[PDB]
Amino acid sequence: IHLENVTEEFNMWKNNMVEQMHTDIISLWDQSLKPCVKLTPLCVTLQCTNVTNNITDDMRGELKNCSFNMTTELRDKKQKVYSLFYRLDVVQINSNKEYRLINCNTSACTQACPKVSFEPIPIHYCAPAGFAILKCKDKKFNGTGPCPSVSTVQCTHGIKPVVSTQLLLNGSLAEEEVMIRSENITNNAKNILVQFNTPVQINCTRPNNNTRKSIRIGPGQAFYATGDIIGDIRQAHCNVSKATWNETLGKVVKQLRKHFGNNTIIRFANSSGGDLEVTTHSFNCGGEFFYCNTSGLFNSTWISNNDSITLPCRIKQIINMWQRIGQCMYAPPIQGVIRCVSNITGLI
Amino acid sequence: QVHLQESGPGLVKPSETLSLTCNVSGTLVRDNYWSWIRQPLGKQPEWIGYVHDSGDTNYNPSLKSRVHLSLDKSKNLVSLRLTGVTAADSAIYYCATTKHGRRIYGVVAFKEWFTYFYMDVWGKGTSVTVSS
Amino acid sequence: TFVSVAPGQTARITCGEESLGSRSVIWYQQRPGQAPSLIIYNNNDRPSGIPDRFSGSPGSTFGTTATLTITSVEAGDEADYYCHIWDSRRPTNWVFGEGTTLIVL
Amino acid sequence: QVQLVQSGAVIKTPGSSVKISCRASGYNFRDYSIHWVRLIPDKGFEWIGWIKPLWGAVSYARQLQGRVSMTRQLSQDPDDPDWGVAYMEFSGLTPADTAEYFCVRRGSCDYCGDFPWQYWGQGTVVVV
Amino acid sequence: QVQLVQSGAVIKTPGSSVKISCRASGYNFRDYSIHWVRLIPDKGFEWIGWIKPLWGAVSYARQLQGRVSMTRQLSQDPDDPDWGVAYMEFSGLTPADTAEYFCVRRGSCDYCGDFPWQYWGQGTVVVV
Ligand SMILES: *[C@@H]1O[C@H](CO)[C@@H](O[C@@H]2O[C@H](CO)[C@@H](O[C@@H]3O[C@H](CO[C@H]4O[C@H](CO[C@H]5O[C@H](CO)[C@@H](O)[C@H](O)[C@@H]5O)[C@@H](O)[C@H](O[C@H]5O[C@H](CO)[C@@H](O)[C@H](O)[C@@H]5O)[C@@H]4O)[C@@H](O)[C@H](O[C@H]4O[C@H](CO)[C@@H](O)[C@H](O)[C@@H]4O[C@H]4O[C@H](CO)[C@@H](O)[C@H](O)[C@@H]4O[C@H]4O[C@H](CO)[C@@H](O)[C@H](O)[C@@H]4O)[C@@H]3O)[C@H](O)[C@H]2NC(C)=O)[C@H](O)[C@H]1NC(C)=O
Ligand SMILES: *[C@@H]1O[C@H](CO)[C@@H](O[C@@H]2O[C@H](CO)[C@@H](O[C@@H]3O[C@H](CO[C@H]4O[C@H](CO)[C@@H](O)[C@H](O)[C@@H]4O)[C@@H](O)[C@H](O[C@H]4O[C@H](CO)[C@@H](O)[C@H](O)[C@@H]4O)[C@@H]3O)[C@H](O)[C@H]2NC(C)=O)[C@H](O)[C@H]1NC(C)=O
Ligand SMILES: *[C@@H]1O[C@H](CO)[C@@H](O[C@@H]2O[C@H](CO)[C@@H](O[C@@H]3O[C@H](CO)[C@@H](O)[C@H](O[C@H]4O[C@H](CO)[C@@H](O)[C@H](O)[C@@H]4O)[C@@H]3O)[C@H](O)[C@H]2NC(C)=O)[C@H](O)[C@H]1NC(C)=O
Ligand SMILES: *[C@@H]1O[C@H](CO)[C@@H](O[C@@H]2O[C@H](CO)[C@@H](O[C@@H]3O[C@H](CO)[C@@H](O)[C@H](O[C@H]4O[C@H](CO)[C@@H](O)[C@H](O)[C@@H]4O)[C@@H]3O)[C@H](O)[C@H]2NC(C)=O)[C@H](O)[C@H]1NC(C)=O
Ligand SMILES: *[C@@H]1O[C@H](CO)[C@@H](O[C@@H]2O[C@H](CO)[C@@H](O[C@@H]3O[C@H](CO)[C@@H](O)[C@H](O)[C@@H]3O)[C@H](O)[C@H]2NC(C)=O)[C@H](O)[C@H]1NC(C)=O
Ligand SMILES: *[C@@H]1O[C@H](CO)[C@@H](O[C@@H]2O[C@H](CO)[C@@H](O)[C@H](O)[C@H]2NC(C)=O)[C@H](O)[C@H]1NC(C)=O
Ligand SMILES: *[C@@H]1O[C@H](CO)[C@@H](O[C@@H]2O[C@H](CO)[C@@H](O)[C@H](O)[C@H]2NC(C)=O)[C@H](O)[C@H]1NC(C)=O
Ligand SMILES: *[C@@H]1O[C@H](CO)[C@@H](O[C@@H]2O[C@H](CO)[C@@H](O)[C@H](O)[C@H]2NC(C)=O)[C@H](O)[C@H]1NC(C)=O
Ligand SMILES: *[C@@H]1O[C@H](CO)[C@@H](O[C@@H]2O[C@H](CO)[C@@H](O)[C@H](O)[C@H]2NC(C)=O)[C@H](O)[C@H]1NC(C)=O
Ligand SMILES: *[C@@H]1O[C@H](CO)[C@@H](O[C@@H]2O[C@H](CO)[C@@H](O)[C@H](O)[C@H]2NC(C)=O)[C@H](O)[C@H]1NC(C)=O
Ligand SMILES: *[C@@H]1O[C@H](CO)[C@@H](O[C@@H]2O[C@H](CO)[C@@H](O)[C@H](O)[C@H]2NC(C)=O)[C@H](O)[C@H]1NC(C)=O
Ligand SMILES: *[C@@H]1O[C@H](CO)[C@@H](O)[C@H](O)[C@H]1NC(C)=O
Ligand SMILES: *[C@@H]1O[C@H](CO)[C@@H](O)[C@H](O)[C@H]1NC(C)=O
Ligand SMILES: *[C@@H]1O[C@H](CO)[C@@H](O)[C@H](O)[C@H]1NC(C)=O
Ligand SMILES: *[C@@H]1O[C@H](CO)[C@@H](O)[C@H](O)[C@H]1NC(C)=O
């Protein structure tokens, strides 16, 4: 319901209900793990070799083929069963070459249920009776201060909840131009949210054809591992268009010169360092977690006067989402070549 | 038109350095790759390896030490030296030109391709035999 | 490895290990007493001098054997055949495959 | 209480690299950022950088890039979630870098920003 | 989607017994009944029987008793509960029984009864 002659002052940074969304999604994410299986008999001695591949001594194979003792459904008999993992999930314990999982000394990893998926669906947060929600419909609204055209609504619009560290996906596009937002510009410990108008199409794929293999842990307990790699052993990657990326970086340069004067030299360099999922951009392409290198994007300089950027990724199976002290999660392998099309909407 | 011609001793005493030569006709040593291939009687051939200027001289890792390939740009020939002739070394040997070519299956920038070899023309052979 | 087909008919000669990934096969032939000679240098590519009807299995198939398809055979095709697979997963084959012989009526 | 324990003062040679630890205890280590600051005589203070120990996201001063590095190690047990270790590896040592270093944390009030560092370590003297 | 996958067409001898499978996928298999129906040229359709795969409770047509049999096998895993297999073993084969067979499921609407079979398999030809 569009209002008249009204003006309220808003503040996105001291706002409530973003904390509530964070707590609700964390607790609901925890709630979809209790019916699923704990990998208690899986933290075990792993006899790993190199994956069968033409080995290059300068590079490294990103797959280790591990066979191990596993308990059958019967408590007396145990079997020898093999699987495939990445370098980023196993570590060498100290001739012989025996490995272990990286989470053997912090937590038992709850295996995610392969029935449930991780695609986003729009949640609308509706207010109870006696409360209302006000949305600001001003175009040039930098998210702080008085907005001149607000309108009340009973429920919010579609919020597809994405898990994206850098380069937020599937967002809400801006109206007519790029808009940068911050709590305090001269504060360099405050992140700057860039939301631009036209979306950037990004394709991402794993071209390696995998085989789901079931292993029986016990009665009613199934462990889904990687079987054979059908075809070529390739590196999973992503693509953006070169021209639209250069154009949109020109757009954010044009908008960034409003806050620092015109005669300013703006350059884009990659992330400085930290863990894996804060220096590289991480996302979830249909129940499969990619960690893609963004050095090919933020590599530019800007003076005050058909191709496509491909970028490689790494694939992890065990995750430590929200960095809890004792809560890790295995992710099951999924069949076939996996590709997804998404829209880069903004930057952090 | 190209045709090649080898030459050798034919009779070899054991534990002796074997050496073979390979003539040219038409195309010189600089214009193309070169290769040596050996084959015993009634057997499949064994590609010994390939030789070219600018370090393109990768050898069979089975032998890897007792065999050395070389060129002769002064006289425009190909040459091979062997070390430690055993009884298995009795075979007919071939110098032959070959051509490369990129088989590409994935991304070119991620080195998801390779270079295969194939010998278009061949020599005629030298029946090397080790005996005392 | 003895395959015989009364002349003018078709012919399928298999050779080598089963495929693992993408491959680049090379087919050579060998008359008795002669040097070898190239017939196929790619999965299905031939150079000049050798005619058609010597078709090859494409390397895009996963988990098959390399074949060599010959139609309208003759006494000139009576030779020893050899394969040289170049798989993108297996290492470099410094030796050839197994000798498959063709003989005609 | 909020406690920040450094290491002892160290003497290095020019061209070496000094590793200075900073153990924090008495609060939830994953929530608050860690800044590094220096004090040089006849130069005053000079800012180095910050690191958020939740992931390890860092930011350095512009004139010190390529020389400094920051890591962290969290406490992974459900019994002691409070303590944590931050690091600072300073490379490219010159005799100009003889100074006293501090690893600091902001206050916990509502109007408290990030740069008004309330809690301070005891300081570490680096002489080259 | 609701998918019903039969087996291929088969050729049998008189006096044998043909086993026809029916794999169902895309819905909760334990809830909806499975009927079997036949189509004979110059005879039209003719009813065989039904089976509820929740227990295997069956009912046969009267004039085909002693010859037909219906079983099922459920999907026992918490990851793929949707699919399921029904069977029909038809014995006492005569040359009159050369026909096309269908395993069918009713609709899911509220006024939908049991016999208005919405979803149909692709049909299996049996020639004697
Ligand atoms: C993100 O972006 C990145 C990059 O931006 C993307 O990465 C790209 O990904 C694609 C697909 O993943 C890759 O494509 C592969 O390319 C290689 C190389 O192709 C080149 O070379 C071929 C052969 O070279 C010969 O011909 C050229 C002339 O064209 C000549 O110059 C050269 O000297 C040599 O003589 C060319 O044929 C090919 O051209 C083709 O593509 C053109 C594109 O527009 C098109 O115009 C042409 O008409 C032609 O169609 C190109 O120049 C290919 O080799 C490879 O295809 C083979 O491999 C796959 C997997 O094994 C298989 O499925 C294919 O069928 C094909 O295998 C056939 O070809 C072999 C060649 O010998 C043959 O041996 C095989 O047995 C098989 O042969 C069968 O089919 C052929 C007919 O095709 C028949 O003749 C045979 O008898 C037999 O029946 C792929 O196409 C890119 O390389 C890669 N990188 C770049 C930089 O682009 C990434 O995909 C993006 N991701 C997303 C999500 O968007
Ligand atoms: C940003 O927003 C876009 C827009 O939605 C998202 O793109 C979609 O992502 C989802 C999840 O990855 C994709 O869904 C999956 O698609 C696979 C491909 O099949 C498609 O095509 C066939 C044939 O047309 C259709 O029948 C099918 O519905 C899909 O459209 C499917 O194989 C997947 O199905 C499997 O999983 C589901 C999970 O419930 C099972 O029910 C199925 O039985 C099957 O096992 C799945 O449907 C979707 O295709 C994408 N859309 C497009 C247009 O590409 C981005 O993913 C999102 N960004 C991020 C980071 O998530
Ligand atoms: C399986 O993987 C192996 C790698 O272990 C790979 O072997 C390599 O093959 C190439 C050609 O097939 C060999 O030759 C190289 O070719 C390039 C292209 O011209 C040259 O630039 C290289 O020269 C560099 O390296 C030399 C030392 O090797 C130096 O002397 C030179 O100055 C250059 O620095 C080189 O000649 C390559 O040598 C091998 N690798 C090794 C370790 O020997 C094989 O081809 C792969 N097989 C398949 C089927 O994919
Ligand atoms: C994200 O992507 C970037 C590139 O898109 C990637 O950067 C590259 O990383 C490698 C190693 O991590 C860098 O180092 C190279 O490694 C090889 C290994 O042998 C060296 O031989 C290379 O030296 C060559 O190049 C030198 C300079 O030209 C020569 O002096 C030398 O003789 C060799 O020819 C080189 O050291 C590589 O340089 C970068 N690329 C760039 C453009 O900086 C980065 O690693 C990715 N991110 C992550 C987290 O992996
Ligand atoms: C941001 O971009 C820079 C520019 O390349 C990246 O720096 C590079 O980092 C890699 C490691 O990730 C360095 O590789 C080195 O390889 C040798 C090989 O053994 C190894 O000994 C070293 O320890 C190191 O791993 C590379 O030299 C380095 N290049 C430069 C010019 O600094 C940086 O990694 C990028 N950051 C992110 C988060 O992507
Ligand atoms: C991983 O290693 C296992 C061995 O533990 C491999 O399985 C064997 O593969 C060989 C090659 O075909 C067979 O001869 C054996 O019979 C297999 N044994 C078993 C128990 O399966 C497996 O192929 C390897 N996987 C990969 C991707 O390299
Ligand atoms: C199997 O994997 C091991 C690693 O556990 C490889 O050993 C080293 O690998 C690196 C890079 O892959 C090379 O630079 C080293 O030279 C390797 N060490 C040695 C002693 O060679 C090993 O090469 C892999 N392959 C085999 C056949 O063992
Ligand atoms: C699976 O279990 C078998 C049985 O314990 C393990 O095999 C033993 O390995 C040790 C160490 O190499 C030997 O001393 C024993 O003699 C082996 N016993 C038998 C019966 O083989 C094996 O290591 C386990 N893991 C795998 C991957 O097979
Ligand atoms: C966001 O826009 C508001 C105005 O709608 C800006 O707030 C004013 O900024 C000027 C400086 O340009 C100050 O003099 C005023 O006192 C500010 N008013 C209020 C109520 O804060 C604000 O600076 C803008 N923020 C950003 C990051 O651009
Ligand atoms: C990944 O591998 C599977 C094999 O496990 C491929 O599925 C086969 O597809 C062919 C034709 O596409 C069928 O004839 C086979 O019957 C299928 N086999 C199985 C077991 O399903 C699958 O197509 C591969 N993926 C891609 C993208 O090629
Ligand atoms: C990203 O993927 C889309 C497909 O999902 C690509 O769009 C196709 O582009 C080709 C030309 O390259 C057209 O012929 C198709 O009609 C397009 N299809 C669709 C559905 O858009 C797009 O090119 C890809 N982008 C990059 C950079 O690779
Ligand atoms: C920068 O230039 C624009 C002209 O496009 C002007 O409107 C703006 O005021 C200038 N800003 C500064 C800080 O000079
Ligand atoms: C940055 O761009 C230059 C030139 O465009 C390129 O050579 C370099 O590889 C890029 N940086 C990285 C880390 O790839
Ligand atoms: C778990 O083991 C790894 C590998 O040694 C080690 O780096 C890590 O500190 C260990 N974690 C704990 C809590 O001991
Ligand atoms: C369990 O075992 C019985 C006996 O072999 C078998 O009939 C049944 O199908 C099995 N169930 C599953 C889910 O494998």
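Residues numbered from 1 in each chain as written, not as in the entry; some residues may be left out. Chains lettered and ligands numbered in written order. Part of a larger assembly, values for the part shown. Heavy atoms only, no water.

In terms of determination method and resolution, the entry is listed under cryo-EM at 4.20 Å.

### Considering the overall build of chain D
Selection rule: To qualify as a helix, a DSSP run of H or I must reach at least 4 residues; to qualify as a strand, a run of E must reach at least 2; elements of each kind are numbered from the N terminus. Between the two quantities, the radius of gyration covers C-alpha atoms and the globule rule is 2.2 Å times the number of residues to the power 0.38. Contacts are assigned to residue pairs with any non-hydrogen atoms lying within 4.5 Å of each other. Per-residue and other accessible areas were derived by the Shrake-Rupley procedure at a 1.4 Å probe size, with only the shown protein chains allowed to occlude residues.
Tallying secondary structure elements over chain D gives zero helices and twelve strands in all. N-terminal to C-terminal, the α/β element order of chain D is β-β-β-β-β-β-β-β-β-β-β-β. Here the C-alpha radius of gyration of chain D, 15 Å, is about what a compact globule of 128 residues would show, namely 14 Å. Reported as C-alpha extents along the three principal axes, the dimensions of chain D are approximately 45 × 30 × 25 Å. Partitioning the intrachain contacts of chain D with sequence separation of at least 6 by distance along the chain shows that 55% fall at a separation of at least 24. As presented, chain D carries roughly 6,500 Å² of accessible surface, and 51% of it is formed by carbon and sulfur atoms.

### So, the overall build of chain A
Rule in force here: Type-normalised accessible area, obtained with a 1.4 Å probe on protein chains alone, sets the label of each residue: buried when under 20%, exposed when over 50%, and partly exposed for intermediate values. Two residue types count as positive, namely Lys and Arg, and two as negative, namely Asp and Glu; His and chain ends fall outside the count. To locate a charge, take atom NZ for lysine, CZ for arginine, CG for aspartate or CD for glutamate.
Scanning chain A from terminus to terminus reveals three helices and 23 strands. Dimensions of chain A along its principal axes, counting C-alpha atoms only, are 80 × 55 × 35 Å. Residues counted as buried form 39% of the 348 residues belonging to chain A. When the accessible area of chain A is evaluated, it comes to approximately 19,800 Å², of which 52% is carbon and sulfur surface. Separation of charge centres in chain A, based on 35 positive and 26 negative side chains, amounts to 5 Å.

### Focus: the interface of chain B and chain C
Note the threshold: What gets called buried area is simply the loss in accessible area from a 1.4 Å probe that two parts show on being joined, summed for both. Should a side-chain nitrogen of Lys or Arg be within 4 Å of a carboxyl oxygen of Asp or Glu, the pair is scored as a salt bridge. Within 3.5 Å is the distance limit for a polar contact, defined as a pair of N or O atoms, with the added protein rule that one can donate a hydrogen and the other accept it, and that residues adjacent in sequence qualify only through two side-chain atoms.
Contact with chain B, which involves 26 residues of that partner, is made by 22 residues of chain C. For the pair chain B and chain C, the summed buried surface comes to about 2,000 Å²; carbon and sulfur atoms form 69% of the total. Inspection of the region where chain B meets chain C yields zero salt bridges. At the boundary of chain B with chain C, the tally comes to four residue pairs in polar contact. Among the elements that take part in the side of chain B that touches chain C, strand 5 (residues 46-51) of chain B stands out by supplying five residues, more than any other.

### Description of empty space enclosed by the protein
How we decide: Lining residues are those with an atom within 4 Å of a point, where the points come from a 1 Å grid over the protein atoms alone and group into cavities, where a 1.4 Å probe fits but cannot get out, or pockets, open sets with protein on both sides within 12 Å along at least five of seven lines. Grid points are joined across faces, edges and corners, and a volume is the space filled by probe spheres set on the points. Residue polarity is assigned by list, with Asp, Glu, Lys and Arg as charged and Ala, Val, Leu, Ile, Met, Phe, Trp, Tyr, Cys and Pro as nonpolar; anything else, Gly included, falls into the polar class.
In this structure, the largest cavity encloses a volume near 110 Å³. Its residues assigned to classes, the lining of the largest cavity comprises seven nonpolar, four polar and three charged.

### Here's the deal with the sheet that holds strand 22 (residues 329-330) of chain A
Residue and element names in this part refer to chain A. Using the following cut-off: At least two bridges found by DSSP between two strands is the condition for calling them paired.
Judged by pairing direction, the sheet is mixed, and its three strands sit side by side in the order 7-22-21 without closing on themselves. Two strands close off the open sheet at either side, each with one partner strand: strand 7 (110-111) and strand 21 (318-319). As paired elements, strand 21 and strand 22 share two bridges and run antiparallel to each other. Bridging from a neighbouring strand, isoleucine 318 pairs with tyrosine 330 of strand 22.

### Describing the site of ligand 5
Residues and elements named next belong to chain A. Selection criterion: Whether a residue is near a molecule or strand is decided by its heavy atoms; if any one of them lies within 4 Å of it, the residue is near.
Around ligand 5, a shell composed of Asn270, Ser271, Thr279, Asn293 and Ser295 is seen. Interatomic distance of 3.4 Å between a side-chain N/O atom of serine 295 and an oxygen atom of ligand 5. Burial of ligand 5 by the surrounding chains reaches 18%, relative to a free accessible area of 740 Å². Its residues placed into classes, the shell around ligand 5 shows no nonpolar, five polar and no charged.

### Things to note about helix 1 (residues 18-31) of chain A
Residue and element names in this part refer to chain A. Quick reminder of the rule: Helices are assigned an expected span. That span is 1.5 Å times one less than the residue count. It is the directions from the helix axis to the C-beta atoms that the arc portrays.
Taking 1.5 Å of rise per residue, the 14 residues of helix 1 would be expected to cover 20 Å, and the 20 Å separating its terminal C-alpha atoms lies within 8% of that figure. Burial in helix 1 covers these residues: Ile26, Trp29 and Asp30. Viewed end-on, helix 1 has its buried residues packed into an arc of 105°, placing them on one side of the element. Residues of helix 1 that are buried in the fold lie against strand 22.

### What about the state of the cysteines?
Just so we agree on the cut-off: In this description, the term disulfide denotes a pair of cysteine sulfurs within 2.5 Å.
A full pass over the atoms with the stated rule returns 14 disulfides over all chains. Disulfide pairing is shown between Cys22(B) and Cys95(B); the S-S distance is 2.0 Å. Across the S-S bond linking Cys22(B) and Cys95(B), the dihedral sits near 80°, which makes this disulfide right-handed. With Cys22(B) in strand 3 (residues 19-23) and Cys95(B) in strand 8 (residues 91-96), the pair connects residues that are 73 residues apart, well separated along the chain. The class of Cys95(B) is buried, set by a relative accessible area of 0%. Sequential numbering of the bridged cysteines in chain D gives the disulfide pattern 1-2, 3-4. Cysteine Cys43(A) remains unbridged, with the sulfur of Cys104(A) as its closest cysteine sulfur at 4.1 Å. Judged by its relative accessible area of 34%, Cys43(A) is partly exposed.

### Section: the interface of chain A and chain B
Tallying the contact residues gives seven residues for chain A and five residues for chain B. Each partner contributes to the roughly 510 Å² buried at the junction of chain A and chain B, and carbon and sulfur atoms together form 59% of this total. When residues of chain A are sorted by the area they lose upon contact with chain B, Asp232(A), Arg234(A) and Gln235(A) head the list and together hold 62% of the total. The interface formed by chain A and chain B holds one salt bridge in total. A salt bridge links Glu112(B) to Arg234(A); the nearest nitrogen and oxygen atoms lie 3.5 Å apart. Viewed at the interface, chain B and chain A are joined by one residue pair in polar contact.

### Overview of the environment of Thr94(D)
Residue and element names in this part refer to chain D. As for its placement among the helices and strands, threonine 94 is situated in the loop between strand 9 (84-90) and strand 10 (99-106). Taking the relative accessible area as the measure of exposure, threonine 94 reaches 32% and is therefore partly exposed. Discounting residues that sit within four places of it in the chain, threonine 94 has contacts with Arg67 and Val128.

### Remarks on the environment of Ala91(B)
Relative to the helices and strands, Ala91(B) is located in strand 8. Along the primary structure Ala91(B) and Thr57(B) are separated by 34 residues, whereas in three dimensions their C-alpha atoms are 22 Å apart.

### A few points about helix 2 (residues 242-256) of chain A
A turn of α-helix holds 3.6 residues, and therefore any two residues three or four places apart point the same way. Residues and elements named next belong to chain A. Between the first and last C-alpha of helix 2 there are 21 Å, a value that for 15 residues agrees with the 21 Å anticipated at 1.5 Å per step. Those residues of helix 2 lying buried are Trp245, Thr248, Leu249, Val252, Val253, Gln255 and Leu256. What you see down the axis of helix 2 is that its buried residues fit within an arc of 165°, all on one side. Residues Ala243 and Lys254 are exposed on helix 2 and point more than 90 degrees away from its buried face. Among the residues of helix 2, the N-terminal cap falls to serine 241, whose side-chain oxygen and the backbone nitrogen of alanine 243 are separated by 3.3 Å.

### A short note on the sheet that holds strand 7 (residues 77-82) of chain B
Residues and elements named next belong to chain B. Just so we agree on the cut-off: Angles here are taken between N-to-C directions and fall from 0 to 180 degrees, while the axes themselves are lines fitted to C-alpha atoms, restricted in helices to the stretch in contact.
Sheet architecture is open: four strands sit in the order 1-3-7-6, paired in antiparallel fashion. Two strands bound the open sheet, and with one partner strand each, they are strand 1 (5-7) and strand 6 (67-72). Neighbour to neighbour, the strand axes of the sheet diverge by 20° on average, direction disregarded.

### Observations concerning the pattern of salt bridges
Under the defined criterion, the tally for this structure stands at 20 salt bridges over all chains. With a shortest N-O distance of 4.0 Å, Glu177(A) and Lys139(A) are connected by a salt bridge. With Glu177(A) in the loop between strand 10 (150-153) and strand 11 (179-181) and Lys139(A) in the loop between strand 8 (133-136) and strand 9 (144-147), this pair connects stretches of sequence that are 38 residues apart. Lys139(A) sits in the partly exposed class, given a relative accessible area of 25%. One salt bridge connects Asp97(D) with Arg38(D), and the closest N-O pair in it is separated by 3.2 Å. Residue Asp97(D) is found in the loop between strand 9 and strand 10, and its partner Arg38(D) is found in strand 4 (residues 34-40); the two are separated by 59 residues along the sequence. The exposure class assigned to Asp97(D) is buried, which follows from its relative accessible area of 5%.

### Section: the nonpolar core
We apply this condition: Take the buried residues of types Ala, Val, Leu, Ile, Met, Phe, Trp, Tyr and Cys, join any two whose side-chain atoms come within 4.5 Å, and each joined set is a nonpolar core.
Ranked by internal contacts, the top residues of the largest apolar core, which has 40 residues, are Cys238(A), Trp245(A), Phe283(A), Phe290(A), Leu297(A) and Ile344(A). Broken down by secondary-structure element, the contributors of at least two residues to this core are strand 4 (78-86), strand 12 (193-206), strand 15 (237-241), helix 2, strand 16 (266-268), strand 18 (289-292), strand 20 (308-316) and strand 23 (338-347) of chain A. With residues up to four places along the chain from it excluded, the contact list for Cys238(A) reads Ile202(A), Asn203(A), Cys204(A), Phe283(A), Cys292(A), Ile309(A), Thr310(A), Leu311(A) and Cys313(A). Grouped together as the second largest cluster of nonpolar side chains are 26 residues, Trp36(D), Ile40(D), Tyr101(D) and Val126(D) included.

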